[PDB]
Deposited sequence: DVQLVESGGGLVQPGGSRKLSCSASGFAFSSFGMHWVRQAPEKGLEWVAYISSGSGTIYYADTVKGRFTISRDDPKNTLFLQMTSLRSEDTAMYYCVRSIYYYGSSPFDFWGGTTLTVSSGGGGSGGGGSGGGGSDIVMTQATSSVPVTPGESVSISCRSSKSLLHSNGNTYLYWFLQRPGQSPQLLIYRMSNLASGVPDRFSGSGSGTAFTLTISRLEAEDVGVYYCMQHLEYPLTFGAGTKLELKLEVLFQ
């Protein structure tokens, strides 16, 4: 089974350096690009860095540019993130995210979990929380600055869900396709500049924080967290 396990975190004094490691057991790590996505306490997700399958193309975030290094060890099946000159704003909950890019592929599916504490398309959801009684379809809306519709017919919008105390999991990839192992109640639709998420039924499993992300260009910007709860 797929299993990404991250370690190397802890408490770091300001201005220090550290290394975060991630084992990638249970799948072909050589054919999957890897992303680092952190989450500040009581905040949303923000992309950090990305490395391709062949370690040819490497991308960073403007906040961590020139400060963070991302490396891949294919023979050992491991991902490394080296951080230096840390600041108090680096406290987050880092996650290693799988990806793979071909025709019909579904990137950003499997995540992990690790904790680190230190002593551009605009995507946001204005609705902080949407309380709703179970039994009726619930709609979640996410706003974007540019248009995610591409000349080839692709709309790079990603719908993820994070349950309390858990890790985010991919609900919908490319704004119209559901990830494997998901209930059929979830659906997604929308225009080039507007998108919507529909949930047919609500259960104890469906309560959580919903996030919207764009993959049109780097850096990948997340939306706001819609707290769907009963």
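Taken in order along the deposited sequence, the stretches absent from the coordinates are 120-135, 247-253.
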